[PDB]
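Structure assessment
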Amino acid sequence: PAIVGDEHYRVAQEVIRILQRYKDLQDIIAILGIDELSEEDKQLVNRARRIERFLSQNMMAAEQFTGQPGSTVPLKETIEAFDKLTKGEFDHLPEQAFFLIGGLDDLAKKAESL
Amino acid sequence: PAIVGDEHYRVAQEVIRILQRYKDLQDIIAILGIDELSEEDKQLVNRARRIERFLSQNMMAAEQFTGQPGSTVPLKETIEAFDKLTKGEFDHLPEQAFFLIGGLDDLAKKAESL
Amino acid sequence: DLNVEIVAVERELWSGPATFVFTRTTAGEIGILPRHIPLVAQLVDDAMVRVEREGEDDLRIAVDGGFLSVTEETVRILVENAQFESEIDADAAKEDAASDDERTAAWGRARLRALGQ
Amino acid sequence: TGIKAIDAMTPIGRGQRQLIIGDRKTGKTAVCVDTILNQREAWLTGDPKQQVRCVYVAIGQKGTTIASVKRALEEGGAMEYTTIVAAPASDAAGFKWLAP
Amino acid sequence: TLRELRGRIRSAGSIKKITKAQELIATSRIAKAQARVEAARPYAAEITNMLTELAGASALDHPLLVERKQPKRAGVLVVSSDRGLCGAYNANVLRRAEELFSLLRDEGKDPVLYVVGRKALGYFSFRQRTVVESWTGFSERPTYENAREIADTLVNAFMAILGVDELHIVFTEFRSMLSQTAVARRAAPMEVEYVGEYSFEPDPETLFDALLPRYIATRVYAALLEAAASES
Amino acid sequence: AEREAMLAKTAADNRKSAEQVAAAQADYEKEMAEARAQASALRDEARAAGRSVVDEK
Amino acid sequence: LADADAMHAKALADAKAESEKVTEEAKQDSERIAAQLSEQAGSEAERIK
Amino acid sequence: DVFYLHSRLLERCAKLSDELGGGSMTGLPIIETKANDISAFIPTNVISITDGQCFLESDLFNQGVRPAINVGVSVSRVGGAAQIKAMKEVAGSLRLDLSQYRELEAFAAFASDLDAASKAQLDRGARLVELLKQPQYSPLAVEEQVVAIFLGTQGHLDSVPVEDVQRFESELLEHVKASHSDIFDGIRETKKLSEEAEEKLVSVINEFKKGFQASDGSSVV
Amino acid sequence: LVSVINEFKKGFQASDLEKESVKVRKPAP
Amino acid sequence: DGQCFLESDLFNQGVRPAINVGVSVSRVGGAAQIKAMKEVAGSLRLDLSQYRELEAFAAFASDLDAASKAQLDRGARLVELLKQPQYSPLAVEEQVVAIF
Ligand SMILES: Nc1ncnc2c1ncn2[C@@H]1O[C@H](COP(=O)(O)OP(=O)(O)OP(=O)(O)O)[C@@H](O)[C@H]1O
Ligand SMILES: [Mg+2]
């Protein structure tokens, strides 16, 4: 927080906490199935899936293959998007809406497209 | 298989398989316990210990080591002895029955002695 | 109408609706219709239970030392080990009916009395 | 290479440097001889764009082991497109240095 | 020395894999045992209900409900696992059992041991305390047959042969996946609790006598299921 | 009694018709298993003979 | 009962038919394997001389 | 300059541009580790120089895995570009399946408590590992490898006992070579396993499975 | 020696809380 | 010609002189023993090595075969028999009787 903003550090630490729980629960998922988890865990898993898929991006270098332009999300928009995403404000969208999507408005438009 | 045979090769390779598995189970046995193993692994451990002890032999030039006279096990008798062992034909005999014993007849004599 | 709940000590076996339920309690044979007065009765050692419900065939249950509780709404049968007729091995029942052990013989007789034997 | 494991999971493309790394008596020479043998069906095609020519550099190997490799290639018919650069253990360190 | 360290690393990796597999299997078996407890609960509730009704129509003078004139002996049913790797579980039970003994010794009643589980059996075999009867092989997955056998033996000892004037059950209650506490319950003589505000065949007294053993069997079954869930 | 035996055969008949469906399948799978065991053993013997002729030549 | 007896007869006929389809496949196989092993024998004999 | 020695030696291996005739030289250096210490000097140098590694381990060799290639640690940086389309498509799932099998192998003891998908993965891997076994001096043409990994990955081996996979794969390939050589011809001539040929291959697999007698006497269908 | 050992072994001195309750649905005894 | 490997772990455990039975060996063996001690102690070293192996193996076994338990008891008694305080030599006849 001394160098990055305090909100930035809080959001990043929350994302790391979620994606670490999800990794701990991945053993349970891969062995005993998702149904073995509790309602809270399953929420956390469903949120972490979307968090880790939202960390993906339509990278500029992909413009040669997919044709669609690359995305440059400002840092502030990323912080706000992940603050919303960790709180569960977008957990109702399908997981496919987050793959290779460049930002937050782009995410809406891949949501309304889905 | 092209030189020593196809029954010799199978018996030798099964013995190697059993011994390698019992060298990977030895640490678990030493720390966790033999009961904690699977039924198949437990029975394999019994076979493996008997096979290790049966590979020992009272050699003729080592009667100053063990007192008892030497012995020669013909190749065919060895390969049948070990085929029987790997298939559990002798899983009921005690481990000591196989120790420093030269062949199937001597194995039976020592089993009756014990 | 009645809803018959045959519940064993380990698990619940049956909870469907029923119109009539018959069983041999220690005081004799008893039949229960809807709105029967609340009652508690010990089933006999070899007691069998017969359930009559809308449409389906009569259901015969071998009960091991159960208890029957007629309640305002449910007739609950609490059983140690309960077996439907479909789960009976008839030959096993016939063999066990002659067992020296009193409890095993009673359980075999209950299985037979369900089997229609 | 003719080995299901290598061809399915660690494929070798023409121009690659695929190290075979392992302890003694683990199947290294066996894998390489199988790879050399697998090229006979390509050799018989007669098309230079499919033929693979093999060179088996033996370094510090006992003479009888090189002879065994040669017999393995010959019985499988792989010697008509394979060259052995043999520097057995008896040769000075210079040959074992230059053989590759 | 490096060879020894490599061997130790291989050993520790194998043990890590085995213990991780055991952890996941134990999670699944916690689920199974807790589901069995839930399945067994409704019968316990209904038998308790009809027992309350019979008591409301009974004299409450059955031997299981009245304190012996001078209690000189007491039974203790220690419920324990039959296989290890459960951490403090057995100890937590066994320690509590001895605590109970210290109470029973202070009250002048010499405890008589009934043990369920191999680990407690060995525990007492090393401290040379004689177990009258022991049952094994069903702590991982108990059935009502075992519970009925245990309850029948305990009740026969209570009615009595030297017999006992009291009996307790020591077992590990599962309250939550985080908590597992060894507790000791006196299962006879039962104390009548008047909580405040039906027909019977042929009479409520005979039904009460036939049902109290069944209720004790059901409670021993619930205790064994609770112990299995706590063990997992 | 006629009614009696009717009831009899009737029931026995439905049960034994189910048992005969089961028996027909079982007979199928046993005969198929025997035939395929014969085929596999014949192929194995042919391969052994091929290994022998290769050894001879 | 008559339908089940007829189905059993049809199943036995179908078992006879797969025994045929086991002979047709197995004889053709055995012949082909014999052919390829004879070719292998000839090829190795030619290679050796 | 030992690293310079081996690099100068191995950097000769290359595929030349079409301006230089388009020839190629493929190296298969063999290096003998001691106590499987891949971190030794020469092994580290060659591992850095080479574009891929095949780690042959003695523990796998004794366990019956031959040619003992430790999948997972062994890599080929060239990747799918060095495979024909058929092999790429068939073997794409192979690496993931084997990784999952190696994760789950500790559970083979208590599979009664496994999820259906987890047990399916375990059984699939136990048969894939057998499928990758191979006798010495018995290389397989690319088409036969495609058919074998197709047996493995598509699940047609899920019914065969693990003890028999090796025989099955053999007795099937031979059969396809003898009576249905069209599949192999298509694969080797087109380099891809098309649907028209995939359906025929599956039909042949099911036709053959009836004729197979597992070692325990059971029937696979 | 065996006889001596056995006769010596003849004379060798080896150094070797809560409570279960029935809920009654009445207010007082 | 041999080795009497004294181990600190055995010394602390109360096994004095602390000979690690397994690693220790005497290649002259019975030829350096009077006939009596050769007969009584012919297999003693190998028996004790096997006992140590079994004891390490049976450290946490819940139950043991009858033969294994008898072997463990015999080995423990032999180990107690081979303990000896410092400056307490035994004549060879006393040794043969003890090992007998
Ligand atoms: N795929 C295989 N199946 C069965 N046996 C094999 C296989 N590969 C190798 N072997 C056997 O393993 C042993 C060692 O094989 P190989 O000759 O390849 O050794 P290496 O690992 O190259 O070692 P080195 O040259 O140092 O002796 C030989 O018996 C060989 O027959
Ligand atoms: Mg080599």
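Residues numbered from 1 in each chain as written, not as in the entry; some residues may be left out. Chains lettered and ligands numbered in written order. Part of a larger assembly, values for the part shown. Heavy atoms only, no water. Residues with missing side-chain atoms left out of burial classes, pairs and counts.

- Listed as the method for this PDB entry is cryo-EM; the listed resolution is 2.9 Å.

- The name recorded for chain D in the PDB entry is ATP synthase subunit alpha, from Mycolicibacterium smegmatis MC2 155.
- Per the PDB header, the title for this entry is "Cryo-EM structure of SQ31f-bound Mycobacterium smegmatis ATP synthase rotational state 3".

- If you check the PDB entry, chain C appears there as ATP synthase epsilon chain from Mycolicibacterium smegmatis MC2 155.
- Its UniProt record, at the heading Function, says of chain C: "Produces ATP from ADP in the presence of a proton gradient across the membrane." (UniProt positions renumbered as here; feature names shortened; annotations may be inferred.)

1. A short note on the interface of chain H and chain D
- Taken together, the 61 residues of chain H in the interface contact 39 residues of chain D.
- Mapped by element, the contributors of at least two residues to the side of chain H that touches chain D are α1 (2-10), β1 (30-32), α2 (41-49), β2 (52-56), α3 (58-62), β3 (75-76), α4 (85-104) and α6 (142-154) of chain H.
- Of the residues belonging to the side of chain H that touches chain D, the class tally is 38 nonpolar, 15 polar and 8 charged.
- As paired elements, strand β1 (residues 18-22) of chain D and β1(H) share 3 bridges and run parallel to each other. Residue pairing in the sheet places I20(D) in a bridge with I30(H) of β1(H). (Contact = heavy atoms within 4.5 Å. Helix = DSSP H or I, 4+ residues; strand = E, 2+ residues; numbered from the N terminus. Nonpolar A, V, L, I, M, F, W, Y, C, P; charged D, E, K, R; others polar. Pairing = 2+ DSSP bridges.)

2. Concerning the interface of chain E and chain B
- On the chain B side, the residues contacting the 6 residues of chain E number 5 residues.
- Residue classes in the side of chain E that touches chain B are distributed as 3 nonpolar, 3 polar and no charged.

3. Describing the packing of aromatic side chains
- Going through the model one piece at a time under the given rule, you end up with 14 aromatic pairs over all chains.
- Aromatic pair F54(A) and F82(A): ring centres 5.1 Å apart, planes at 55°, arrangement tilted. Placement of the pair is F54(A) in helix α2 (residues 39-54) and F82(A) in helix α4 (residues 75-86), with a sequence separation of 28 residues.
- Judged by its relative accessible area of 7%, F54(A) falls in the buried class.
- Put simply, the rings of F54(B), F82(B), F90(B) and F98(B) touch in pairs and so form one group of aromatic residues. (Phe/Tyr/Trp six-rings, centres within 6.5 Å; stacked < 30°, edge-to-face > 60°. Buried < 20%, exposed > 50% of the residue type's maximum accessible area, 1.4 Å probe, protein only.)

4. Considering the site of ligand 1
- Contacts to ligand 1 come from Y9(B), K25(D), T26(D), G27(D), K28(D), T29(D), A30(D), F61(H), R66(H), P67(H), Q134(H) and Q136(H).
- Residue neighbours of ligand 1 fall on chains B, D and H, so the site bridges chains.
- Here a nitrogen atom of ligand 1 sits 3.0 Å away from a polar atom, N or O, in the main chain of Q134(H).
- In isolation ligand 1 exposes 630 Å². Once the protein is present, 74% of that is buried.
- For the shell around ligand 1, the element with the most residues is helix α2 (residues 28-38) of chain D, which contributes 3 residues.
- Partitioning the shell around ligand 1 into residue classes produces 4 nonpolar, 5 polar and 3 charged. (Near = heavy atom within 4 Å. Polar contact = N/O pair within 3.5 Å; in protein donor to acceptor, adjacent residues only side chain to side chain. Areas by Shrake-Rupley, 256 points an atom, 1.4 Å probe, with all protein chains shown as cover.)

5. Re the nonpolar core
- The biggest cluster of nonpolar side chains holds 78 residues, and the ones touching the most others in it are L107(A), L94(H), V147(H), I149(H) and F168(H).
- When residues in this core are grouped by element, the largest group, 9 residues, is from helix α1 (residues 6-32) of chain A.
- If you look at the next biggest cluster of nonpolar residues, it comprises 56 residues, including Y89(E), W135(E), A151(E) and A187(E). (Core = buried A, V, L, I, M, F, W, Y, C linked by side-chain atoms within 4.5 Å.)

6. Concerning the packing of helix α1 (residues 2-56) of chain F against helix α1 (residues 2-48) of chain G
- Running from amino to carboxyl end, α1(F) crosses α1(G) at an angle of 10°, the nearest separation of the two axes being 9 Å. Taken together, the axes of α1(F) and α1(G) lie roughly parallel to each other.
- Partitioning the contact of α1(F) with α1(G) into residue classes produces 20 nonpolar, 7 polar and 10 charged. (Axes fitted to C-alpha atoms, helices over the stretch in contact; angles between N-to-C directions. Parallel < 35°, antiparallel > 145°, perpendicular 65-115°, else oblique.)

7. Digging into a positive patch on the surface
- On the surface, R29(E), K32(E), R83(E) and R141(E) cluster together into a positively charged patch.
- With respect to the secondary-structure elements, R29(E) resides in helix α1 (residues 2-56). (Patch = residues over 30% accessible without salt bridge, like charges linked within 9 Å, V, L, I, M, F, W, Y side chains within 5 Å. Salt bridge = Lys/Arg side-chain N within 4 Å of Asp/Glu carboxyl O. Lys, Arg positive; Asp, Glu negative; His and termini not counted. Charge placed at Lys NZ, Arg CZ, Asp CG, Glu CD.)

8. Quick look at the packing of α2(A) against α4(A)
Residue and element names in this part refer to chain A.
- Viewed as axis vectors pointing N to C, α2 and α4 meet at an angle of 165°, and their least axial separation amounts to 10 Å. Classified by the interaxial angle, the pair formed by α2 and α4 is roughly antiparallel. The element α2 and its partner α4 pack so that their crossing is right-handed. Along the contact surface, α2 presents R47, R50, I51 and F54, while α4 presents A81, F82, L85 and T86. (Left-handed = near helix turned anticlockwise from the far one by under 90°.)

9. What to know about the UniProt feature "binding site: ATP" in chain D
- In the UniProt entry, the feature "binding site: ATP" is given for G22(D), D23(D), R24(D), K25(D), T26(D), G27(D), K28(D) and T29(D).
- Position of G22(D) among the secondary structure elements: in strand β1.
- Judged by its relative accessible area of 0%, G22(D) falls in the buried class.
- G22(D) has contacts with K28(D), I31(H), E32(H), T33(H) and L56(H), leaving out every residue within four places of it along the chain.
- The topology assignment puts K28(D) in helix α2.
- By relative accessible area, which is 9% here, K28(D) ends up buried.
- Leave out the neighbours within four places in its chain, and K28(D) touches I20(D), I21(D), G22(D), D23(D), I30(H), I31(H), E32(H) and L56(H).

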